[PDB]
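The structure appears right after this line, and notes come after that.
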Amino acid sequence: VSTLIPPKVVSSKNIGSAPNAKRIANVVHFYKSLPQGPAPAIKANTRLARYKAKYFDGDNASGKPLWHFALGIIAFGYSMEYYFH
Amino acid sequence: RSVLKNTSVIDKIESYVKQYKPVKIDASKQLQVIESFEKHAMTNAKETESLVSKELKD
């Protein structure tokens with residue numbers, strides 16, 4: 001007898017599976033995606049964007065800024081020692 | 001018939017058979033139901049086809 005009409009009806013496979021949710025996510029995310037992100041920090045300029053760039057970038061974490069930062073406070077109180085003495 | 005020697009009934013049933021020879025007449029009844037069915041089916045078929053093709057390229 002005469003075949004039923006379901007095989008030629010589709011209209012809820014688009015909620016029917018899980019990658020639909022991911023699809024509607026990644027059509028927004030990827031379509032308006034940039035090839036590369038914006039920045040790993042770069043502001044501190046006054047001849048100190050260089051200080052941050054050399055020391056406090058993702059390029060390295062090394063003891064050089066620590067030494068520098070320590071020395072600033074040492075220079076304050078060391079001069080003040082002779083202001084107190 | 002040439003087997004039967006009492007033949008006056010073979011001419012009878014021959015004539016009865018040839019009388020009622022369109023024993024059952026022609027039928028094509030699938031021509032109103034088949035076309036209507038084809039419209040609903042076609043509509044749905046094309047809709048599904050276009051939908052999934054569209055999704056593929058998307």
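Following the order of the structure tokens, first chain is A, next is B, and so on, with residues numbered from 1 inside each chain and ligands from 1 in the order they appear.
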
Within 8 Å of chain A: residues of chain B, using only C-alpha atoms, as a PyMOL selection string: chain B and resi 41+44-45+47-48

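Here CA of residue 69 (chain A) is placed at a distance of 12.0 Å from CA of residue 56 (chain A).
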
Could you give me, as a PyMOL selection string, each residue of chain B that DSSP assigns to helix (DSSP H, G or I) when run on this structure's backbone? chain B and resi 10-19+33-57

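Note that the spacing between CA of residue 68 (chain A) and CA of residue 84 (chain A) amounts to 24.4 Å.
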